[PDB]
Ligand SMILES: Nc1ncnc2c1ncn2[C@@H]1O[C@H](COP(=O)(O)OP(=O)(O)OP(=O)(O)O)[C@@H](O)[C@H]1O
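Next up is one chain by itself, shown in structure tokens, the form deposited without ligand ATP.
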């Protein structure tokens, strides 16, 4: 979400990339909306009526990631199969082991999964979107990411700006989230943010970006719990005994 110029530029970029069949790499921090951008690419493409499938590479160990992406065998179809005719979004790409990476490059270059057991190779037709916040070029240098894979995945790159670089959007989205929380708890009006609250909001780095902002603001509104005076206490850390 948001209206900072750097974010509008991302939306404009997405509008031009979506119609292509080429892979897209999204670089962004947690809570910047990577999967929502991936979804947007899908729905603005010619594949929009096909499936949108997502997988977080970081969540699974090596053998389970391999099975989940490429399938195993009557059969457990993998995510490439499930995304046939549509788009597959792979999050936390940097965590894919080197074996998975080489297999993925093959799927990209040849357009088919390999198969054992008398079964013919499975043909797939999938538009790929990946995301990470790693420095992939730095990983190539270290030997932890495949140069050949990154020589192909990154047809183009969509860089999502962290919230701390979109200070205009911080107060805009904070207001939006505060209003929704007021509705949820049945306060008549959002009474505003004090200048001390605004300083707290604008000074904080938001490592968790929009997701974190929404959480902080919702909690803060709930703890404040009144429309009679402006919200002064922004509860960044729920573990503090405030």
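Positions refer to the first chain, counted from 1. Residues that one form lacks are left out of the comparison. We call the rigid core whatever largest set of C-alpha positions still superposes within 1.5 Å between the two forms.
Modelling of residue 71 is missing from a third or more of the other compared entries in which both of its neighbours are modelled.
A chain break between residue 73 and residue 74 is present, corresponding to 4 to 9 residues of the deposited sequence without coordinates. Two stretches are in play, 129-137 and 113-121, and the higher mean C-alpha B-factor belongs to 113-121. Annotation for 231-239 versus 1-9: the higher mean temperature factor (C-alpha) is found in 1-9. Highest CA B-factor among the listed residues (153, 158, 100, 171): 153. Residue 148 sits in the middle third of its chain by CA B factor, as recorded in the PDB entry. For residue 178, the recorded CA B-factor ranks within the lowest third of the chain. Only modelled residues enter the ranking.
Ranked against the other modelled residues of its chain, the C-alpha B-factor of residue 63 as given in the entry falls in the highest third. Residue-level temperature factors show residue 50 in the highest third of its chain, judged at the C-alpha atom. Looking at the C-alpha B-factors along this chain, the one for residue 107 belongs to the highest third.
If you look for the form deposited with ligand ATP bound, you will not find it shown, but the lines that follow are about it.
Site check by superimposition: ligand ATP, modelled from its position in the deposited complex, clashes with the backbone and C-beta atoms of this form, with 3 or more atoms inside 2.4 Å, and the site reads as blocked. By the criterion of a heavy atom within 4.5 Å, residue 190 is excluded from the residues contacting ligand ATP in the deposited complex. Heavy atoms of residue 35 reach within 4.5 Å of ligand ATP in the deposited complex, making it an interface residue. Using a 4.5 angstroms threshold between heavy atoms, residue 173 counts as touching ligand ATP in the deposited complex. Ligand ATP is not shown here, but in the deposited complex it comes within 4.5 Å of a heavy atom of residue 177. Only one of 203-211, 45-53, 61-69, 181-189 lies within 4.5 Å of ligand ATP in the deposited complex by heavy atoms, and it is 203-211.
If you check ligand ATP in the deposited complex, you find no heavy atom from any of 21, 81 and 107 within 4.5 Å. Contacts between 105-141 and ligand ATP, taken as any heavy atom within 4.5 Å in the deposited complex, involve no residue at all. Listed alone, 59-62 marks the only place where three or more consecutive residues have CA shifts of 2 Å or more between this form and the one not shown on superposition of the core.
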